[PDB]
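The block underneath contains the structure these notes are about, expressed in structure tokens.
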Amino acid sequence: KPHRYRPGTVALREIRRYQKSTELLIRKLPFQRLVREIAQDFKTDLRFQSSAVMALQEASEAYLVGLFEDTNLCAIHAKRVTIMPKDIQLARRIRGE
Amino acid sequence: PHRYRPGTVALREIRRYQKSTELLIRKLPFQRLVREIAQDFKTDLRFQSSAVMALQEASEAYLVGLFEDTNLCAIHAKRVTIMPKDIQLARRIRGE
Amino acid sequence: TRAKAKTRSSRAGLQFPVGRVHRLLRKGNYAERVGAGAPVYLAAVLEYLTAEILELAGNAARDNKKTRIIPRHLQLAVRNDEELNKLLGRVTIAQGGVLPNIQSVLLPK
Amino acid sequence: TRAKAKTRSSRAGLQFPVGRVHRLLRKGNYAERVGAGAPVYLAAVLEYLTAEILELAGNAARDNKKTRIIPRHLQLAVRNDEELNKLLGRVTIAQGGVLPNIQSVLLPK
Amino acid sequence: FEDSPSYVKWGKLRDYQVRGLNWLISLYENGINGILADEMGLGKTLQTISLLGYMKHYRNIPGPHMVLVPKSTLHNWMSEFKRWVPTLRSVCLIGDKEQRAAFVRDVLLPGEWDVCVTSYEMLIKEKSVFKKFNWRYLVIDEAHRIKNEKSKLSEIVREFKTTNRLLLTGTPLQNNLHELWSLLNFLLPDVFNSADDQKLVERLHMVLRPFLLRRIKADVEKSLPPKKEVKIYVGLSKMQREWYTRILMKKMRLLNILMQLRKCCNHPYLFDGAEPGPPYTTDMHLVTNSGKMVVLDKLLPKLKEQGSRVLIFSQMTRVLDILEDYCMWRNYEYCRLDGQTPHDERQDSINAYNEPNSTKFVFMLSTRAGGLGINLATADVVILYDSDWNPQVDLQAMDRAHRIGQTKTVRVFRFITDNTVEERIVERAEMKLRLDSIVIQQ
Amino acid sequence: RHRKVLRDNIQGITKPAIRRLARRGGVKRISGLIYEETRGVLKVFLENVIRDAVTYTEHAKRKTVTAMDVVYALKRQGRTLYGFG
Amino acid sequence: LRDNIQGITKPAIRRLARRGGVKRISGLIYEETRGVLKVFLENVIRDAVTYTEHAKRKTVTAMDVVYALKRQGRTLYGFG
Amino acid sequence: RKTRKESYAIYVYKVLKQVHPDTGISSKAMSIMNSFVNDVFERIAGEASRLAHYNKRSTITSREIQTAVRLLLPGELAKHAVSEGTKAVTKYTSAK
Amino acid sequence: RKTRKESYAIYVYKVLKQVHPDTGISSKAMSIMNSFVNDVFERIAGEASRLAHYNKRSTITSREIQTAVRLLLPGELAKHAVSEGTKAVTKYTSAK
DNA sequence: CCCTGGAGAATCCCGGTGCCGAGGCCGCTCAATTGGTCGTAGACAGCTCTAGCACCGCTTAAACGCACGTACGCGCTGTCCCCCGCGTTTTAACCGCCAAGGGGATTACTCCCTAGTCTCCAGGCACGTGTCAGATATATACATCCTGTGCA
DNA sequence: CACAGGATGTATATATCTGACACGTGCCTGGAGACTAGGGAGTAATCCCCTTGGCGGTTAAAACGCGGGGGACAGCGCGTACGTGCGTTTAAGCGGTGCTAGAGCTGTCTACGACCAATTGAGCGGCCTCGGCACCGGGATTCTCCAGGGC
Ligand SMILES: Nc1ncnc2c1ncn2[C@@H]1O[C@H](COP(=O)(O)OP(=O)(O)O)[C@@H](O)[C@H]1O
């Protein structure tokens with residue numbers, strides 16, 4: 001009785017919404033904590049400007065988006081609709097990573 | 001009438017050509033193709049033999065790498081046969 | 001007497017700093033000597049590229065019903081044009097987003 | 001008078017030309033000035049890389065039962081090492097061929 | 001107005017609040033904005049309700065009046081408004097976005113109220129709406145909240161179009177004269193518009209007397225046995241000495257050297273690696289490795305065989321956790337009041353500690369937790385594990401037990417260490433406290 | 001003696017955040033094993049970039065990493081970024 | 001001059017694919033491979049001709065080819 | 001008084017007003033345009049420097065800049081930019 | 001006569017005799033090794049040039065070379081190369 | 001039955017051929033040695049401001065956990081036609097040789113362009129400042145998706 | 001299987017508010033005008049080399065046809081993992097304290113290390129010569145693949 005959308009309409013709606021927007025889809029404080037933790041391995045007593053974290057977040061989001069696009073292309077190649085670790089690995093292998 | 005199954009001769013050729021190092025395209029047809037392509041950019045272009053040799057080396061390396069990626073795509077699609085769709089997917093993922 | 005100072009940009013009809021370009025070329029360690037016309041040529045090329053990208057960005061901004069240009073408009077203009085996309089194929093624009101593109105297989109039918 | 005000539009290559013215990021590297025750095029338009037230790041350091045790095053590649057290629061050639069090194073041996077050595085492969089990942093070696101690698105799904109059942 | 005008014009209900013006022021009302025009426029007659037520093041426990045809210053009721057009734061000016069209070073006192077203020085002066089019309093702004101919109105549309109925008117009571121956060125949220133009303137009176141409770149300029153609340157409250165202004169703070173002076181100048185600039189922007197023995201003191205008193213009213217909690221009660229203080233010095237343990245030398249030099253990343261020396265004087269286990277290995281045992285390691293803990297371990301049993309009911313105030317919840325471990329080891333009775341304790345849990349713990357007959361013996365409080373509430377009468381002994389930069393914070397901590405409900409003298413044992421950051425912290429606090437005394441107490 | 005740990009910082013990159021990134025990428029259905037792979041690839045990318053940026057900062061003899069250092073590291077890796085310098 | 005691309009023969013393409021490591025080749029892949037080779041060669045020859053014309057020469061040199069490949073991202077070792 | 005940093009923002013604004021008379025640009029977009037100009041300048045200058053080194057010359061000239069432009073820009077942009085640079089050079093030479 | 005041509009062939013041969021005493025080389029392999037040495041030299045020198053420009057300094061020093069090596073070479077190669085360069089510079093400083 | 005036999009391909013072991021790598025000489029140019037200078041960079045000092053550590057209080061959006069059902073991935077099966085292996089005929093690559101001439105490479109001379117200096121001064125940059133474009137909220141109006149219902 | 005209607009999401013005018021963008025002003029420092037000196041590059045001439053055109057004979061490789069089995073692709077069924085919506089929880093985000101140093105940024109001073117110049121002698125490039133390693137061919141093994149007990 002309660003209204004319910006078919007499984008896949010909300011996915012397309014969200015695709016359109018996030019392809020219309022421009023903001024960052026990763027939380028700032030978790031990303032900053034991750035950046036600090038990674039930096040602690042390479043060198044201690046390191047300080048980060050706020051602009052550096054923003055640049056890292058922008059670059060990381062762009063890289064992940066491009067990866068997901070190529071992954072979706074590979075999944076469509078395999079006559080599927082879902083993306084898989086196989087698709088991610090194939091995309092990275094062809095790109096040379 | 002002895003006859004091999006459809007695919008063993010292909011594997012033998014794979015092994016021998018992966019062990020060999022020589023060029024796999026005919027030199028005179030490649031040279032004619034290079035001159036014809038250069039006909040569009042400038043007339044009366046003379047080529048050193050080394051230039052055509054280097055062009056052939058680069059072209060063969062590029063095609064071999066492309067075929068490797070295409071085979072990977074075909075195996076991902078659960079196929080043993082490579083297709084133009086596989087070549088196009090490889091080009092799109094490479095960035096061409 | 002001392003003739004009035006006329007800028008090399010005005011001499012060549014450019015809106016770009018020919019003198020600054022000459023100084024950057026001399027200080028950038030590209031060669032020992034720099035020609036007279038090379039900075040003028042380079043400034044003109046930079047001017048044309050800026051004009052092209054700005055024309056496309058202004059078209060996009062008017063298409064979105066705004067007066068100011070934003071990085072979203074810049075990314076929209078850089079994509080959707082083949083030549084600029086080839087020129088800036090490995091460049092990430094901050095606060096730019098992506099293009100609208102949904103694969104026809106995913107579309108419901 | 002002057003003392004006997006002593007090359008900086010011998011003064012640093014190397015086999016690569018420090019003076020030639022210094023001249024190439026000076027005439028390459030890389031900076032306005034070049035320090036004294038930079039040619040020595042760069043020659044040492046180049047010698048290390050060359051020795052590493054040559055050792056790998058010699059091992060490959062011995063595994064092929066040949067004395068002289070050929071481009072096939074160089075390609076085998078480069079592509080069998082992860083770090084050297086990453087260094088030369090965008091480089092094509094003439095008359096090198098490819099590594100023998102057949103995918104497992106294509107093998108006979 | 002030498003006598004209590006008639007608009008007040010549910011009991012009559014007394015002399016100190018009637019004199020405060022006279023002072024505020026004179027302030028309004030002279031058209032000056034001022035500060036009430038009556039100290040907690042004298043009826044500042046009662047006096048403010050009296051002033052608003054007076055201005056509503058005796059003067060024919062029912063206008064838009066706003067009272068800014070902390071969120072923790074909104075219900076108490078509304079209950080007092082309904083109780084003492086039910087004549088007035090009072091409206092409160094709190095809740096979610098939809099509740100705020102509903103309230104403003106239903107009651108605020110139509111404009112049938114007299115006093116609007118809102119919290120600081122609701123003022124920041126609804127500044128655009130609140131800026132419309134032709135504000136007449138602006139009573140800000142806990143005026144030391146705006147003691148710092150360059151702050152968003154301070155600038156927002158300055159940008160209102162107001163006629164009469166009032167401040168209700170128990171500690172007008174906290175560290176230096178800049179914050180007092182900021183409060184006085186909010187009151188009278190023109191008079192003080194820059195920067196604040198014969199050259200000083202006398203001039204300060206003659207300037208501030210027409211603007212400040214303060215009466216200590218000593219001329220009304222004649223009770224509450226006087227505060228007793230003992231400043232106990234503590235020898236540094238050996239591991240504490242080793243870590244102190246190590247941090248004095250400079251793998252553990254240490255950014256704030258002062259903030260490392262501070263906990264190092266508290267307990268070495270607060271670092272990483274100072275604690276013993278994986279066995280995770282809890283048997284006499286804590287006591288011996290900390291000199292303050294050795295002193296406290298000696299001190300507690302005597303008080304327990306005596307009056308007991310000790311409060312321990314600390315500036316680090318990690319130190320509070322270490323004290324919890326110690327209390328479990330000694331099998332004492334403990335209650336933890338922290339900044340992470342939910343509101344319902346706080347009240348139940350406070351009531352349980354303040355039951356007529358309880359087995360509780362230790363109550364542990366963060367030095368800045370709760371705030372201007374918290375009734376702890378059964379206590380007799382207050383232990384200041386750490387000393388803070390602002391001495392008024394410790395004064396509030398030690399008057400959380402030194403209130404009208406107490407019957408035995410409070411003994412404030414303050415732990416300090418030789419030649420550490422504690423020495424300079426206590427020296428700074430003493431300088432600030434002496435400045436506060438010389439400036440305000442007269 | 002009382003201490004506890006919250007979570008690993010790689011888990012701060014949440015499943016809904018990865019879903020949003022895939023939505024911008026143009027993905028309809030997503031497996032459940034994708035999140036581990038995405039965390040791994042992001043960690044590798046960040047490690048490379050941060051190592052290069054730290055090398056630049058150490059060369060400049062500073063203790064603070066700057067947006068310019070990040071831009072230089074990205075340009076070295078071939079991912080030129082416009083907007084921060 | 002025409003039909004020179006058909007000088008690139010099906011057996012040659014099959015040999016290249018075998019060195020790449022493929023087993024079964026679809027019949028439509030030969031024309032596609034010819035087009036790929038044509039575009040790659042056109043780009044490289046365009047850059048080489050640009051270098052040759054800048055040098056004011058009429059002969060394309062192996063160094064011109066190497067410089068073109070280098071600026072395209074395909075460094076070649078063995079020709080200078 | 002902070003130190004002086006030089007950006008192409010003024011000239012980008014002049015070009016913008018010439019192209020679209022009534023439009024604006026935000027700070028981030030101006031930063032992006034400045035970065036784009038710097039990147040293109042560096043590409044062209046480096047290519048011209050390598051051309052000069054390859055031909056064993058010590059001078060960067062308009063010929064080198066034209067060749068670098070044709071090597072970097074993709075086609076229609078290349079020819080239009082070459083025409084613009086030639087026009088500017090002719091005007092500069094004939095004027096003063 | 002024909003102008004002189006420089007190459008690293010004799011030094012590569014000396015290194016080869018040092019590492020494998022009884023192994024020879026061919027002309028094609030020598031060309032490849034000369035190209036490899038030139039390529040690595042160019043990469044390191046360009047990185048050091050960019051570092052000097054980024055820090056706004058006019059001199060390329062051993063610090064610049066070390067930083068460039070750490071940037072370009074991956075991992076263990078970088079560590080061993082840094083150690084070798086440090087050793088060579090120490091020997092040169094002491095024995096000069 | 002899986003194991004046997006036949007057949008082809010791959011590998012290993014010897015013997016004659018050629019050309020290419022390694023060595024040995026000569027000239028010349030480039031690197032080493034001294035001497036002299038100055039400008040870059042190291043070192044220091046003063047200033048200001050953002051970053052950092054340990055907390056409190058509060059709001060609220062976003063993450064998290066749960067249960068349902070439904071498309072979707074995955075395996076299985078059958079069809080057929082396309083790709084492959086092999087033999088035969090044909091075409092053109094390959095090799096060697098010869099001949100001619102355009103053009104690449106070098107050299108010498110001269111001049112014209114550019115580096116470097118010093119005045120001179122206007123364009124560009126930092127600092128304030130006020131008004132308009134865009135962001136937000138809100139109540140309509142429109143488009144879209146989903147389900148039920150006569151069709152059955 | 002094709003509409004009607006409902007419920008939801010989304011685009012649309014419209015009013016408000018704010019903070020950043022575009023503008024104006026003062027100053028200062030780097031770019032333009034005038035000038036000289038020197039050496040890089042243009043221009044002409046010459047030489048020889050290396051590219052192109054043509055011809056003949058061999059022979060390996062390409063093109064063509066054929067016969068057949070294995071792979072691609074469509075269809076079908078299932079049980080299962082993921083999307084959708086909902087109710088609870090948590091931590092992000094914002095606003096405040098309270099310090100000190102700390103690290104980056106600018107202005108001066110001075111010394112040592114890199115450039116520049118002249119001179120000179122070994123190191124390196126180019127030219128010849130010669131033997132041994134690679135190569136080519138030949139012949140006896142060993143491994144592997146495909147019928148056939150459907151051996
Ligand atoms: N009307 C009153 N007369 C006397 N004492 C009072 C009154 N109201 C409260 N108190 C005492 O003062 C203490 C706190 O008073 P406080 O909350 O400051 O009053 P107000 O809220 O009116 O300022 C309480 O412990 C209470 O015992």
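We name chains A, B, ... following the order of the structure tokens; residues begin at 1 in each chain, and ligands are numbered from 1 as shown.
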Counting only C-alpha atoms (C1' of nucleotides) and all ligand atoms, what are the residues, protein, DNA or RNA alike, that approach ligand 1 to within 8 Å? I want them as number ranges by chain. E: 11-14, 39-47, 76-77, 80, 403-405
For those residues, write N, CA and C atoms to a file as a PDB file, in the first residue's frame.
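Just written: selection-v8.pdb:
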```pdb
ATOM      1  N   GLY E  11       5.054  35.705  47.066  1.00  0.00           N
ATOM      2  CA  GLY E  11       6.075  36.129  48.000  1.00  0.00           C
ATOM      3  C   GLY E  11       6.558  37.541  47.727  1.00  0.00           C
ATOM      4  N   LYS E  12       7.037  38.196  48.779  1.00  0.00           N
ATOM      5  CA  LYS E  12       7.550  39.551  48.666  1.00  0.00           C
ATOM      6  C   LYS E  12       9.062  39.546  48.479  1.00  0.00           C
ATOM      7  N   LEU E  13       9.573  40.649  47.942  1.00  0.00           N
ATOM      8  CA  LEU E  13      11.004  40.813  47.752  1.00  0.00           C
ATOM      9  C   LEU E  13      11.672  41.161  49.081  1.00  0.00           C
ATOM     10  N   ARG E  14      12.979  41.392  49.031  1.00  0.00           N
ATOM     11  CA  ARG E  14      13.742  41.770  50.212  1.00  0.00           C
ATOM     12  C   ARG E  14      14.574  43.013  49.909  1.00  0.00           C
ATOM     13  N   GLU E  39      26.462  38.371  41.957  1.00  0.00           N
ATOM     14  CA  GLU E  39      26.990  37.043  42.254  1.00  0.00           C
ATOM     15  C   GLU E  39      25.871  36.016  42.330  1.00  0.00           C
ATOM     16  N   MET E  40      26.181  34.771  41.976  1.00  0.00           N
ATOM     17  CA  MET E  40      25.161  33.736  41.943  1.00  0.00           C
ATOM     18  C   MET E  40      24.595  33.503  43.337  1.00  0.00           C
ATOM     19  N   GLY E  41      23.273  33.389  43.411  1.00  0.00           N
ATOM     20  CA  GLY E  41      22.611  33.158  44.675  1.00  0.00           C
ATOM     21  C   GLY E  41      22.084  34.395  45.360  1.00  0.00           C
ATOM     22  N   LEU E  42      21.725  35.432  44.607  1.00  0.00           N
ATOM     23  CA  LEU E  42      21.162  36.642  45.192  1.00  0.00           C
ATOM     24  C   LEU E  42      19.871  37.114  44.545  1.00  0.00           C
ATOM     25  N   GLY E  43      19.430  36.512  43.447  1.00  0.00           N
ATOM     26  CA  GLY E  43      18.150  36.876  42.874  1.00  0.00           C
ATOM     27  C   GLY E  43      18.244  37.830  41.704  1.00  0.00           C
ATOM     28  N   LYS E  44      19.228  37.618  40.828  1.00  0.00           N
ATOM     29  CA  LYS E  44      19.363  38.474  39.656  1.00  0.00           C
ATOM     30  C   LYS E  44      18.167  38.329  38.725  1.00  0.00           C
ATOM     31  N   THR E  45      17.698  37.097  38.519  1.00  0.00           N
ATOM     32  CA  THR E  45      16.520  36.884  37.683  1.00  0.00           C
ATOM     33  C   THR E  45      15.288  37.522  38.309  1.00  0.00           C
ATOM     34  N   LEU E  46      15.161  37.432  39.634  1.00  0.00           N
ATOM     35  CA  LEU E  46      14.057  38.097  40.316  1.00  0.00           C
ATOM     36  C   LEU E  46      14.108  39.606  40.116  1.00  0.00           C
ATOM     37  N   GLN E  47      15.297  40.200  40.233  1.00  0.00           N
ATOM     38  CA  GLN E  47      15.426  41.640  40.030  1.00  0.00           C
ATOM     39  C   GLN E  47      15.119  42.034  38.592  1.00  0.00           C
ATOM     40  N   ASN E  76      13.837  27.541  33.527  1.00  0.00           N
ATOM     41  CA  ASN E  76      13.839  28.192  34.830  1.00  0.00           C
ATOM     42  C   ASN E  76      13.397  29.643  34.715  1.00  0.00           C
ATOM     43  N   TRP E  77      13.904  30.357  33.709  1.00  0.00           N
ATOM     44  CA  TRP E  77      13.512  31.750  33.530  1.00  0.00           C
ATOM     45  C   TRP E  77      12.032  31.877  33.194  1.00  0.00           C
ATOM     46  N   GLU E  80      10.013  31.261  36.338  1.00  0.00           N
ATOM     47  CA  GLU E  80      10.060  32.433  37.206  1.00  0.00           C
ATOM     48  C   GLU E  80       9.194  33.564  36.662  1.00  0.00           C
ATOM     49  N   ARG E 403      28.012  26.833  49.039  1.00  0.00           N
ATOM     50  CA  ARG E 403      26.746  27.518  48.814  1.00  0.00           C
ATOM     51  C   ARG E 403      25.931  27.527  50.102  1.00  0.00           C
ATOM     52  N   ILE E 404      24.760  28.170  50.035  1.00  0.00           N
ATOM     53  CA  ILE E 404      23.951  28.415  51.226  1.00  0.00           C
ATOM     54  C   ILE E 404      23.548  27.109  51.899  1.00  0.00           C
ATOM     55  N   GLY E 405      23.460  26.024  51.135  1.00  0.00           N
ATOM     56  CA  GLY E 405      23.095  24.737  51.687  1.00  0.00           C
ATOM     57  C   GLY E 405      24.181  24.023  52.455  1.00  0.00           C
TER      58      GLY E 405
END
```
Hey, what does DSSP flag as strand (DSSP E) within chain A? Can you give it to me as a ChimeraX atom specification? /A:47-48,82-83
Leaving out range 45-62 of chain F and any residue of its chain fewer than 6 positions from it, which residues lie within 9 Å of it when counting only C-alpha atoms (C1' of nucleotides), given as a count of residues only? 27
As a list in words, could you give me every residue of chain A near chain E (at most 10 Å apart, counting only C-alpha atoms)? residues 40, 44, 45, 46 and 47 of chain A
Could you save the residues just selected, with N, CA and C atoms, as an mmCIF file, in the first residue's frame?
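Done, and the output landed in part.cif:
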```
data_model
loop_
_atom_site.group_PDB
_atom_site.id
_atom_site.type_symbol
_atom_site.label_atom_id
_atom_site.label_comp_id
_atom_site.auth_asym_id
_atom_site.auth_seq_id
_atom_site.Cartn_x
_atom_site.Cartn_y
_atom_site.Cartn_z
ATOM 1 N N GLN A 40 51.893 10.692 8.183
ATOM 2 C CA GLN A 40 52.670 10.281 9.357
ATOM 3 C C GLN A 40 53.683 9.177 8.998
ATOM 4 N N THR A 44 57.222 12.579 10.143
ATOM 5 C CA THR A 44 56.547 13.076 11.329
ATOM 6 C C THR A 44 56.701 14.589 11.434
ATOM 7 N N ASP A 45 55.933 15.173 12.351
ATOM 8 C CA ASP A 45 55.954 16.613 12.608
ATOM 9 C C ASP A 45 55.598 17.410 11.355
ATOM 10 N N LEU A 46 54.641 16.903 10.588
ATOM 11 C CA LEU A 46 54.202 17.545 9.358
ATOM 12 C C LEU A 46 52.895 18.283 9.594
ATOM 13 N N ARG A 47 52.828 19.517 9.117
ATOM 14 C CA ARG A 47 51.618 20.318 9.181
ATOM 15 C C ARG A 47 51.088 20.550 7.774
#
```
For a quick test of understanding: name the residues of chain F lying within 9 Å of chain C when counting only C-alpha atoms, and present them as a PyMOL selection string. chain F and resi 24-28+78-84
Which neighbours of residue 19 in chain C fall inside 10 Å, counting only C-alpha atoms (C1' of nucleotides), when residues of the same chain fewer than 3 positions from it are skipped, and could you give them as a PyMOL selection string? (chain C and resi 7-9+16+22-25+39-40+43) or (chain K and resi 30-32)
Contacts of residue 9 in chain H within 10 Å, only C-alpha atoms (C1' of nucleotides), excl. fewer than 6 positions in-chain, as a short mmCIF file (atom, residue, chain, number, x, y, z; two decimals) with C-alpha atoms, in the first residue's frame:
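Saved to result.cif:
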```cif
data_model
loop_
_atom_site.label_atom_id
_atom_site.label_comp_id
_atom_site.auth_asym_id
_atom_site.auth_seq_id
_atom_site.Cartn_x
_atom_site.Cartn_y
_atom_site.Cartn_z
CA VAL H 15 39.78 40.11 -23.30
CA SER H 27 37.85 34.77 -8.38
CA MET H 30 40.16 33.93 -12.84
CA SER H 31 42.57 31.68 -10.95
CA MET H 33 42.34 31.19 -16.40
CA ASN H 34 45.66 32.37 -14.96
#
```
If you run DSSP over the backbone, which residues in chain I end up alpha helix (DSSP H)? Put them as a ChimeraX atom specification. /I:9-19,27-54,62-72,76-95
Please provide as an NGL selection string all residues within 12 Å of residue 23 in chain B, with the sequence filter that same-chain residues fewer than 4 positions apart are discarded (counting only C-alpha atoms (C1' of nucleotides)). (:B and (17-18 or 27 or 30 or 53-61 or 64)) or (:D and (94-97)) or (:G and (12-13 or 15-16 or 19))
Restricting the output to N, CA and C atoms, write the selected residues as a PDB file, in the first residue's frame.
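Below is the file that was written, out_37.pdb:
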```
ATOM      1  N   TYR B  17      56.122 -16.720 -32.247  1.00  0.00           N
ATOM      2  CA  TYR B  17      56.181 -15.287 -32.499  1.00  0.00           C
ATOM      3  C   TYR B  17      56.472 -14.500 -31.229  1.00  0.00           C
ATOM      4  N   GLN B  18      56.130 -15.042 -30.059  1.00  0.00           N
ATOM      5  CA  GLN B  18      56.526 -14.379 -28.824  1.00  0.00           C
ATOM      6  C   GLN B  18      58.003 -14.588 -28.523  1.00  0.00           C
ATOM      7  N   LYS B  27      58.240  -4.887 -45.589  1.00  0.00           N
ATOM      8  CA  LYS B  27      58.922  -3.598 -45.582  1.00  0.00           C
ATOM      9  C   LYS B  27      58.486  -2.714 -46.743  1.00  0.00           C
ATOM     10  N   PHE B  30      54.960  -1.359 -46.248  1.00  0.00           N
ATOM     11  CA  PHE B  30      54.965  -0.346 -45.198  1.00  0.00           C
ATOM     12  C   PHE B  30      55.572   0.962 -45.691  1.00  0.00           C
ATOM     13  N   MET B  53      62.370   2.379 -40.808  1.00  0.00           N
ATOM     14  CA  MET B  53      62.554   1.290 -39.852  1.00  0.00           C
ATOM     15  C   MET B  53      62.018   1.660 -38.473  1.00  0.00           C
ATOM     16  N   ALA B  54      62.319   2.874 -38.004  1.00  0.00           N
ATOM     17  CA  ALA B  54      61.842   3.312 -36.696  1.00  0.00           C
ATOM     18  C   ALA B  54      60.326   3.440 -36.673  1.00  0.00           C
ATOM     19  N   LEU B  55      59.742   3.965 -37.753  1.00  0.00           N
ATOM     20  CA  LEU B  55      58.288   4.042 -37.829  1.00  0.00           C
ATOM     21  C   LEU B  55      57.666   2.656 -37.746  1.00  0.00           C
ATOM     22  N   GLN B  56      58.248   1.683 -38.452  1.00  0.00           N
ATOM     23  CA  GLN B  56      57.732   0.320 -38.401  1.00  0.00           C
ATOM     24  C   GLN B  56      57.848  -0.269 -36.999  1.00  0.00           C
ATOM     25  N   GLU B  57      58.984  -0.048 -36.334  1.00  0.00           N
ATOM     26  CA  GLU B  57      59.155  -0.542 -34.968  1.00  0.00           C
ATOM     27  C   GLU B  57      58.082   0.016 -34.041  1.00  0.00           C
ATOM     28  N   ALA B  58      57.877   1.334 -34.085  1.00  0.00           N
ATOM     29  CA  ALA B  58      56.884   1.958 -33.215  1.00  0.00           C
ATOM     30  C   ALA B  58      55.477   1.466 -33.532  1.00  0.00           C
ATOM     31  N   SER B  59      55.146   1.348 -34.819  1.00  0.00           N
ATOM     32  CA  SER B  59      53.811   0.905 -35.200  1.00  0.00           C
ATOM     33  C   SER B  59      53.545  -0.511 -34.716  1.00  0.00           C
ATOM     34  N   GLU B  60      54.525  -1.402 -34.875  1.00  0.00           N
ATOM     35  CA  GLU B  60      54.328  -2.780 -34.443  1.00  0.00           C
ATOM     36  C   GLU B  60      54.207  -2.872 -32.928  1.00  0.00           C
ATOM     37  N   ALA B  61      55.020  -2.108 -32.193  1.00  0.00           N
ATOM     38  CA  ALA B  61      54.900  -2.121 -30.738  1.00  0.00           C
ATOM     39  C   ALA B  61      53.524  -1.640 -30.291  1.00  0.00           C
ATOM     40  N   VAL B  64      50.903  -4.348 -31.049  1.00  0.00           N
ATOM     41  CA  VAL B  64      51.010  -5.495 -30.149  1.00  0.00           C
ATOM     42  C   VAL B  64      50.410  -5.168 -28.786  1.00  0.00           C
TER      43      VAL B  64
ATOM     44  N   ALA D  94      63.938  -1.223 -29.462  1.00  0.00           N
ATOM     45  CA  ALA D  94      63.923  -1.785 -30.805  1.00  0.00           C
ATOM     46  C   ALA D  94      64.450  -3.214 -30.798  1.00  0.00           C
ATOM     47  N   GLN D  95      63.817  -4.071 -31.599  1.00  0.00           N
ATOM     48  CA  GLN D  95      64.189  -5.484 -31.704  1.00  0.00           C
ATOM     49  C   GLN D  95      64.191  -6.163 -30.338  1.00  0.00           C
ATOM     50  N   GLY D  96      63.178  -5.870 -29.534  1.00  0.00           N
ATOM     51  CA  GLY D  96      63.100  -6.429 -28.202  1.00  0.00           C
ATOM     52  C   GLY D  96      62.105  -7.559 -28.071  1.00  0.00           C
ATOM     53  N   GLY D  97      60.996  -7.475 -28.797  1.00  0.00           N
ATOM     54  CA  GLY D  97      59.946  -8.460 -28.655  1.00  0.00           C
ATOM     55  C   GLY D  97      59.154  -8.254 -27.376  1.00  0.00           C
TER      56      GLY D  97
ATOM     57  N   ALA G  12      49.720 -10.634 -41.904  1.00  0.00           N
ATOM     58  CA  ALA G  12      50.545  -9.776 -41.059  1.00  0.00           C
ATOM     59  C   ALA G  12      49.799  -9.366 -39.797  1.00  0.00           C
ATOM     60  N   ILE G  13      48.526  -8.998 -39.942  1.00  0.00           N
ATOM     61  CA  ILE G  13      47.725  -8.649 -38.774  1.00  0.00           C
ATOM     62  C   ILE G  13      47.588  -9.850 -37.846  1.00  0.00           C
ATOM     63  N   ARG G  15      49.782 -12.270 -37.485  1.00  0.00           N
ATOM     64  CA  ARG G  15      51.063 -12.425 -36.796  1.00  0.00           C
ATOM     65  C   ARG G  15      51.193 -11.439 -35.642  1.00  0.00           C
ATOM     66  N   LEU G  16      50.793 -10.187 -35.868  1.00  0.00           N
ATOM     67  CA  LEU G  16      50.833  -9.203 -34.791  1.00  0.00           C
ATOM     68  C   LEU G  16      49.937  -9.628 -33.635  1.00  0.00           C
ATOM     69  N   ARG G  19      51.608 -12.430 -31.669  1.00  0.00           N
ATOM     70  CA  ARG G  19      52.613 -11.901 -30.754  1.00  0.00           C
ATOM     71  C   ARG G  19      51.955 -11.218 -29.561  1.00  0.00           C
TER      72      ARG G  19
END
```
